Each structure stands twice: as structure tokens, then as C-alpha cells.
>>> print(open('work.cif').read())   # mmCIF, C-alpha atoms and all ligand atoms
data_work
#
loop_
_atom_site.label_atom_id
_atom_site.label_comp_id
_atom_site.auth_asym_id
_atom_site.auth_seq_id
_atom_site.Cartn_x
_atom_site.Cartn_y
_atom_site.Cartn_z
CA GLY A 980 -13.29 10.87 36.18
CA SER A 981 -12.45 11.41 32.49
CA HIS A 982 -13.41 13.89 29.79
CA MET A 983 -15.18 11.47 27.44
CA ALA A 984 -15.72 13.96 24.60
CA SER A 985 -11.95 14.31 24.15
CA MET A 986 -11.26 10.57 24.60
CA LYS A 987 -8.95 9.55 21.75
CA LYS A 988 -9.53 6.38 19.72
CA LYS A 989 -6.61 4.22 18.62
CA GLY A 990 -6.25 3.86 14.87
CA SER A 991 -6.39 0.71 12.78
CA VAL A 992 -3.47 -1.45 11.74
CA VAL A 993 -2.57 -0.56 8.15
CA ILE A 994 -0.99 -2.71 5.44
CA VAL A 995 1.94 -0.67 4.10
CA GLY A 996 3.69 -3.29 1.96
CA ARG A 997 4.49 -6.94 1.46
CA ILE A 998 7.33 -9.44 1.18
CA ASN A 999 7.17 -10.83 -2.36
CA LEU A 1000 7.86 -14.58 -2.49
CA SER A 1001 6.15 -15.47 -5.78
CA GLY A 1002 9.19 -15.26 -8.06
CA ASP A 1003 12.67 -16.67 -7.69
CA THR A 1004 13.84 -13.71 -5.56
CA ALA A 1005 12.59 -12.48 -2.19
CA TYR A 1006 12.23 -8.70 -1.93
CA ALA A 1007 10.11 -6.25 0.05
CA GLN A 1008 7.66 -3.87 -1.61
CA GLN A 1009 6.12 -0.78 -0.03
CA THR A 1010 2.55 -0.08 -1.15
CA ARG A 1011 1.73 2.97 0.99
CA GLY A 1012 3.67 5.94 2.32
CA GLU A 1013 3.65 7.50 5.77
CA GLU A 1014 1.08 10.18 4.92
CA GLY A 1015 -1.36 7.69 3.43
CA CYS A 1016 -0.70 5.27 6.29
CA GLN A 1017 -1.77 7.69 9.03
CA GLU A 1018 -4.99 8.72 7.28
CA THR A 1019 -5.76 5.05 6.60
CA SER A 1020 -5.12 4.20 10.26
CA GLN A 1021 -7.67 6.78 11.44
CA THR A 1022 -10.21 6.09 8.68
CA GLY A 1023 -9.90 2.31 8.71
CA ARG A 1024 -10.63 2.58 4.97
CA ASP A 1025 -7.91 0.97 2.83
CA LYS A 1026 -8.86 0.66 -0.84
CA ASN A 1027 -5.44 -0.57 -2.00
CA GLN A 1028 -5.07 -3.99 -3.61
CA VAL A 1029 -3.60 -6.66 -1.33
CA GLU A 1030 -1.39 -9.48 -2.61
CA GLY A 1031 0.83 -12.19 -1.24
CA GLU A 1032 1.16 -14.09 2.02
CA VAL A 1033 3.38 -11.86 4.18
CA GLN A 1034 2.17 -8.30 4.73
CA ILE A 1035 4.06 -5.34 6.17
CA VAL A 1036 1.82 -3.63 8.71
CA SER A 1037 2.14 -0.46 10.78
CA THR A 1038 0.35 1.49 13.47
CA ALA A 1039 1.14 5.13 14.17
CA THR A 1040 3.85 3.95 16.58
CA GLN A 1041 5.16 0.56 15.39
CA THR A 1042 5.81 -1.42 12.22
CA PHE A 1043 5.95 -5.21 12.00
CA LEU A 1044 4.66 -8.10 9.87
CA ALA A 1045 1.47 -10.12 9.43
CA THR A 1046 1.17 -13.54 7.80
CA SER A 1047 -1.83 -15.21 6.17
CA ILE A 1048 -2.46 -18.84 7.13
CA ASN A 1049 -5.67 -20.84 6.61
CA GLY A 1050 -7.67 -17.76 5.69
CA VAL A 1051 -6.52 -15.75 8.72
CA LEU A 1052 -4.04 -12.86 8.72
CA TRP A 1053 -1.96 -13.45 11.84
CA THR A 1054 0.30 -11.07 13.76
CA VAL A 1055 1.56 -10.53 17.32
CA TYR A 1056 -0.45 -8.98 20.14
CA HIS A 1057 2.40 -6.74 21.31
CA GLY A 1058 2.34 -5.06 17.90
CA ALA A 1059 -1.35 -4.93 17.05
CA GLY A 1060 -2.96 -4.91 20.49
CA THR A 1061 -6.71 -5.24 20.05
CA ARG A 1062 -6.79 -2.89 17.07
CA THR A 1063 -8.87 -3.20 13.93
CA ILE A 1064 -7.20 -3.59 10.53
CA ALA A 1065 -8.07 -1.22 7.70
CA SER A 1066 -9.97 -2.63 4.74
CA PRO A 1067 -11.92 -1.44 1.69
CA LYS A 1068 -15.22 -1.49 3.63
CA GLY A 1069 -13.74 0.00 6.80
CA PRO A 1070 -12.15 -1.18 10.04
CA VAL A 1071 -12.26 -4.95 10.51
CA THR A 1072 -12.47 -6.37 14.03
CA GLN A 1073 -10.11 -9.10 15.18
CA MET A 1074 -11.31 -12.65 14.62
CA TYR A 1075 -8.78 -14.03 17.13
CA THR A 1076 -7.17 -12.47 20.20
CA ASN A 1077 -4.92 -14.44 22.57
CA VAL A 1078 -2.57 -12.44 24.79
CA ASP A 1079 -1.23 -15.60 26.45
CA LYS A 1080 0.19 -16.60 23.05
CA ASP A 1081 0.97 -13.01 21.97
CA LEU A 1082 -1.30 -13.71 19.00
CA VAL A 1083 -4.09 -11.90 17.17
CA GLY A 1084 -5.77 -12.53 13.85
CA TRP A 1085 -8.04 -10.88 11.31
CA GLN A 1086 -10.03 -12.14 8.36
CA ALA A 1087 -7.50 -12.49 5.56
CA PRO A 1088 -7.97 -9.54 3.17
CA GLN A 1089 -9.35 -10.15 -0.30
CA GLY A 1090 -6.51 -10.80 -2.74
CA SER A 1091 -4.17 -12.31 -0.16
CA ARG A 1092 -2.80 -15.83 -0.60
CA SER A 1093 -2.75 -18.02 2.50
CA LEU A 1094 0.19 -20.22 3.42
CA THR A 1095 -0.54 -23.88 4.07
CA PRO A 1096 0.55 -25.41 7.40
CA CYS A 1097 3.75 -27.43 7.29
CA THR A 1098 3.35 -31.20 7.60
CA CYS A 1099 6.94 -32.35 7.02
CA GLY A 1100 8.40 -31.95 10.51
CA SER A 1101 11.64 -30.63 9.04
CA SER A 1102 14.39 -29.24 11.25
CA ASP A 1103 15.57 -26.93 8.44
CA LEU A 1104 13.49 -23.76 8.86
CA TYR A 1105 13.68 -20.35 7.21
CA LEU A 1106 12.67 -17.00 8.72
CA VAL A 1107 11.38 -14.23 6.45
CA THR A 1108 12.20 -10.76 7.78
CA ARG A 1109 10.67 -7.38 6.96
CA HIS A 1110 13.73 -6.74 4.76
CA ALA A 1111 13.09 -9.93 2.74
CA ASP A 1112 16.00 -11.71 4.41
CA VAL A 1113 15.53 -15.49 4.40
CA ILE A 1114 17.42 -16.60 7.51
CA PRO A 1115 18.07 -20.34 8.05
CA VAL A 1116 16.83 -21.60 11.41
CA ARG A 1117 17.40 -25.02 12.99
CA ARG A 1118 14.26 -26.04 14.88
CA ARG A 1119 15.02 -26.85 18.52
CA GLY A 1120 11.59 -27.17 20.14
CA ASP A 1121 7.86 -26.68 19.87
CA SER A 1122 8.31 -22.89 19.69
CA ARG A 1123 12.09 -22.40 19.41
CA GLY A 1124 14.57 -22.29 16.56
CA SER A 1125 18.33 -21.75 16.60
CA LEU A 1126 19.96 -19.16 14.36
CA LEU A 1127 22.70 -20.78 12.28
CA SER A 1128 24.49 -17.42 12.55
CA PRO A 1129 23.88 -15.12 15.55
CA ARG A 1130 23.02 -11.53 14.53
CA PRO A 1131 22.44 -8.24 16.34
CA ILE A 1132 18.85 -8.15 17.60
CA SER A 1133 18.51 -5.05 15.43
CA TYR A 1134 18.28 -7.10 12.23
CA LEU A 1135 15.23 -8.99 13.50
CA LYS A 1136 13.47 -5.98 15.05
CA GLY A 1137 10.20 -5.33 13.24
CA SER A 1138 9.84 -8.89 11.93
CA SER A 1139 7.46 -10.20 14.60
CA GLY A 1140 4.36 -11.60 12.93
CA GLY A 1141 6.48 -12.84 10.04
CA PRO A 1142 6.69 -16.49 9.13
CA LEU A 1143 9.02 -19.36 9.77
CA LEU A 1144 8.72 -21.62 6.73
CA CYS A 1145 9.55 -25.23 5.89
CA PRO A 1146 11.86 -26.13 2.99
CA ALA A 1147 8.68 -26.41 0.90
CA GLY A 1148 7.52 -22.93 1.90
CA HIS A 1149 4.88 -24.34 4.26
CA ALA A 1150 4.08 -22.25 7.32
CA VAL A 1151 5.72 -23.56 10.49
CA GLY A 1152 5.14 -20.65 12.85
CA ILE A 1153 4.75 -16.94 13.53
CA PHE A 1154 7.87 -15.08 14.69
CA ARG A 1155 7.13 -13.82 18.20
CA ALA A 1156 10.29 -13.09 20.20
CA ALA A 1157 14.06 -13.55 20.21
CA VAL A 1158 16.42 -15.27 22.65
CA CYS A 1159 18.61 -12.23 23.33
CA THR A 1160 21.77 -12.23 25.40
CA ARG A 1161 22.94 -8.67 26.00
CA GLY A 1162 22.08 -7.44 22.53
CA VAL A 1163 22.73 -10.50 20.34
CA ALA A 1164 20.06 -12.90 19.07
CA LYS A 1165 21.04 -16.57 19.26
CA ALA A 1166 17.59 -18.11 18.70
CA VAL A 1167 14.00 -17.16 17.90
CA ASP A 1168 10.69 -17.93 19.61
CA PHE A 1169 7.60 -18.42 17.46
CA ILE A 1170 3.92 -19.33 17.68
CA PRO A 1171 3.72 -22.90 16.31
CA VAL A 1172 1.34 -23.40 13.39
CA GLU A 1173 -0.18 -26.24 15.42
CA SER A 1174 -0.94 -23.71 18.17
CA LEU A 1175 -2.65 -21.60 15.50
CA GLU A 1176 -4.71 -24.63 14.44
CA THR A 1177 -5.53 -25.22 18.11
CA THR A 1178 -6.76 -21.64 18.49
CA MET A 1179 -8.85 -22.05 15.33
CA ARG A 1180 -10.59 -25.20 16.62
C1 LIG B 1 14.54 -8.99 24.73
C2 LIG B 1 13.58 -9.09 23.50
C3 LIG B 1 14.35 -9.71 22.30
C4 LIG B 1 13.10 -7.66 23.10
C5 LIG B 1 12.35 -9.96 23.88
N1 LIG B 1 12.80 -11.31 24.13
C6 LIG B 1 11.99 -12.20 24.97
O1 LIG B 1 11.13 -11.76 25.66
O2 LIG B 1 12.25 -13.60 24.92
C7 LIG B 1 11.58 -14.37 25.89
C8 LIG B 1 12.39 -15.59 26.16
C9 LIG B 1 12.05 -16.53 25.02
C10 LIG B 1 10.65 -16.12 24.52
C11 LIG B 1 10.25 -14.87 25.34
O3 LIG B 1 9.37 -15.18 26.36
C12 LIG B 1 8.56 -14.08 26.78
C13 LIG B 1 7.51 -13.76 25.67
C14 LIG B 1 7.46 -12.53 25.12
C15 LIG B 1 6.44 -12.22 24.01
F1 LIG B 1 7.10 -12.00 22.83
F2 LIG B 1 5.59 -13.26 23.84
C16 LIG B 1 5.64 -10.95 24.34
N2 LIG B 1 4.23 -11.07 24.65
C17 LIG B 1 3.43 -9.82 24.98
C18 LIG B 1 2.05 -9.94 25.29
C19 LIG B 1 1.30 -8.79 25.59
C20 LIG B 1 1.92 -7.52 25.59
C21 LIG B 1 3.29 -7.40 25.29
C22 LIG B 1 4.05 -8.56 24.99
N3 LIG B 1 5.53 -8.43 24.66
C23 LIG B 1 6.30 -9.60 24.34
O4 LIG B 1 7.71 -9.54 24.03
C24 LIG B 1 8.19 -8.22 23.76
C25 LIG B 1 8.17 -7.90 22.31
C26 LIG B 1 9.02 -9.00 21.79
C27 LIG B 1 9.77 -8.74 20.51
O5 LIG B 1 10.60 -7.89 20.45
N4 LIG B 1 9.49 -9.60 19.33
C28 LIG B 1 10.25 -9.37 18.07
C29 LIG B 1 9.98 -8.11 17.22
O6 LIG B 1 10.56 -7.89 16.22
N5 LIG B 1 8.95 -7.18 17.68
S1 LIG B 1 8.63 -5.77 16.77
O7 LIG B 1 8.17 -6.12 15.42
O8 LIG B 1 9.86 -5.02 16.49
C30 LIG B 1 7.41 -4.75 17.66
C31 LIG B 1 7.66 -4.37 19.13
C32 LIG B 1 6.65 -3.73 16.81
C33 LIG B 1 5.95 -5.01 17.27
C34 LIG B 1 10.60 -10.66 17.31
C35 LIG B 1 11.68 -9.92 18.13
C36 LIG B 1 12.77 -9.24 17.28
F3 LIG B 1 13.12 -8.04 17.86
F4 LIG B 1 13.86 -10.05 17.24
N6 LIG B 1 10.09 -9.14 22.86
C37 LIG B 1 9.67 -8.27 24.02
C38 LIG B 1 11.34 -9.94 22.73
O9 LIG B 1 11.55 -10.57 21.74
CL CL B 2 1.80 -20.65 21.60
ZN ZN B 3 7.35 -28.40 5.64
#
>>> encode(input="work.cif", output="C-alpha cells", more="lines below")
Ligand SMILES: CC(C)(C)[C@@H]1NC(=O)O[C@@H]2CCC[C@H]2OC/C=C/C(F)(F)c2nc3ccccc3nc2O[C@@H]2C[C@@H](C(=O)N[C@]3(C(=O)NS(=O)(=O)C4(C)CC4)C[C@H]3C(F)F)N(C2)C1=O
Ligand SMILES: [Cl-]
Ligand SMILES: [Zn+2]
Amino acid sequence: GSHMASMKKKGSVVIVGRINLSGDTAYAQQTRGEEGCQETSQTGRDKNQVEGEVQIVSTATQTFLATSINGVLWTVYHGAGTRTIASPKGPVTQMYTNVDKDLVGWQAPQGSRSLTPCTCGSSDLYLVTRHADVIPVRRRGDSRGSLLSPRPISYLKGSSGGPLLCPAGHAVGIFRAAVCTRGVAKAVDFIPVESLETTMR
């Protein structure tokens, strides 16, 4: 048995900032503080203006990234679970949910700009972190990319759901996991944009 009247309800994912890539410089902006975030998570009502392609998102327990591609705001399942995302009209239910791919997706919020899938097949990739780092990545497989310079896994923590981009800024994939050997990250694993387009069809 269970006491249903006391049964808690998980809050919504909340947009708390963005990675600005419109100008010549990449920098992160915070659009909502902790206090406002928690109330927005429980209300599901977020009246703030949304801009850009790469959002910073947070639950009450985790913070990560979400990327807009082909009208869908994508993130990772292990960060968002099955949660709604806050919006001006209230909590918005997931349009896509695939745990096998560690992928979820919502309707892209009004005011967001979607990235266009990459069609160049370039090996030179670039990972956008939550700190607005643009890290070069050499593509090694369908869902793998090698870090030109190995880093502590710390620097990539909280960047799942962020994008791997082509040289033209086209979306190549969604950062999902890291190839870690005892604390260091040598490569990254990502959801290919073609796997996104497969899920959408
Ligand atoms: C050792 C390690 C590096 C921690 C781990 N490596 C690893 O497993 O590599 C193997 C070998 C090559 C690919 C991968 O195959 C297994 C697939 C794992 C997965 F990703 F598909 C995943 N599916 C889930 C589905 C349902 C429920 C939970 C799931 N949990 C998963 O993975 C978990 C989480 C994921 C993670 O940390 N992602 C990142 C991140 O920043 N998250 S986050 O924003 O801070 C946060 C937790 C708030 C949301 C980008 C990496 C950053 F830190 F660099 N993990 C563990 C790892 O990366
Ligand atoms: Cl996949
Ligand atoms: Zn490209």
C-alpha cells in the first residue's frame, strides 16, 4: 500500500539560461535564479522569454542542457526523465521519449531558434558546453567523437543534452555520455542527428 494523498509529484524541467551563439563570441547567460527555478518547476508556468538554440535546463536535483533541432527541444533521458517542461501556458508533456537512446524531446518553446541538421559529413566537430566552451572533437563513429585534448570529466559534467556542431554550426548530435577512464574523458558519446531524424519519422 501507499498513502496516495501525500504522494509527491515531480516538478517540471525549467529553462534557467542559454548559451548565446548569435554573435562572434560564445558565452552563457542565466535567465532565472534558484528561487524562481524551484517555483517554476512546481508550477510548470514559465512566462520568461526564450531565445537561442541551446538552453540551460534544471530540475530540483540536476542541471544540464537542451538543444533545439527541427522544431524539437532535445535533451537526455537521464537528466529529464519523463518530466514536463515549464512553459507560459503550463507544463508541456514530452513529444518524444526513448530510454534506449537516452533521449527525450519537447515542443520547441516559442522564441527558440532551431538548429539545422548537418549534411557535410565533416570529421571536425565542436562541442558546446554549459560554460560556453567550444571544444574541438574529431568524429570517430556514428555516435563517438575523440577529444583533441583529454580533460577531467568534471569539465563536461552538466553538458549532456548540448550539441555537437559541424564547422558550419549545423547540428551533428546531442551530447549523451563520455568515454571515461578513471576520471579523465578521452572521447564523447552522442545521439546522432540522423538518429533524431529516425525517431521523428
Ligand atoms: C562514467 C560516465 C562518464 C559518468 C558515464 N560514461 C558512460 O556510461 O559511457 C558509456 C560508454 C560509452 C557510452 C556509454 O554507454 C552507456 C550509455 C550511457 C547513457 F549515457 F546513455 C545513459 N543512459 C541512461 C538511460 C536511462 C537512465 C539513466 C541513464 N544514464 C546514462 O549514463 C549516465 C549519465 C551519463 C553522463 O554522465 N552524461 C554526461 C553529463 O554531463 N550528464 S549530466 O548533465 O551532468 C546529468 C547527470 C545531469 C544530467 C555527458 C557526460 C559528462 F559528464 F561528460 N553517464 C552515466 C556517463 O557519461
Ligand atoms: Cl542513438
Ligand atoms: Zn556540417
>>> closest_residue(input="work.cif", among="A:1035, A:1082, A:1087, A:1104", to="residue 1049 (chain A)", atoms="all atoms listed in the file")
A:1087
>>> closest_residue(input="work.cif", among="A:1136, A:1057, A:1110, A:1123", to="ligand CL 2 (chain B)", atoms="only C-alpha atoms and all ligand atoms")
A:1123
>>> atom_distance(input="work.cif", atom1="CA of residue 1030 (chain A)", atom2="CA of residue 1170 (chain A)")
23.2 Å
>>> residues_around(input="work.cif", residues="residue 1169 (chain A)", least_positions_apart="4", cutoff="7 Å", atoms="all atoms listed in the file", output="PyMOL selection string")
chain A and resi 1122-1123+1152-1156
>>> residues_around(input="work.cif", residues="region 1127-1132 of chain A", least_positions_apart="3", cutoff="7 Å", atoms="only C-alpha atoms", output="number ranges by chain")
A: 1115-1117, 1135-1136, 1162-1165
>>> write_last_selection(input="work.cif", atoms="C-alpha atoms", output="short mmCIF file (atom, residue, chain, number, x, y, z; two decimals), in the coordinates of the input")
data_model
loop_
_atom_site.label_atom_id
_atom_site.label_comp_id
_atom_site.auth_asym_id
_atom_site.auth_seq_id
_atom_site.Cartn_x
_atom_site.Cartn_y
_atom_site.Cartn_z
CA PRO A 1115 18.07 -20.34 8.05
CA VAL A 1116 16.83 -21.60 11.41
CA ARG A 1117 17.40 -25.02 12.99
CA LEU A 1135 15.23 -8.99 13.50
CA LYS A 1136 13.47 -5.98 15.05
CA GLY A 1162 22.08 -7.44 22.53
CA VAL A 1163 22.73 -10.50 20.34
CA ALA A 1164 20.06 -12.90 19.07
CA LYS A 1165 21.04 -16.57 19.26
#
>>> atom_distance(input="work.cif", atom1="CA of residue 1172 (chain A)", atom2="atom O7 of ligand LIG 1 (chain B)")
18.7 Å
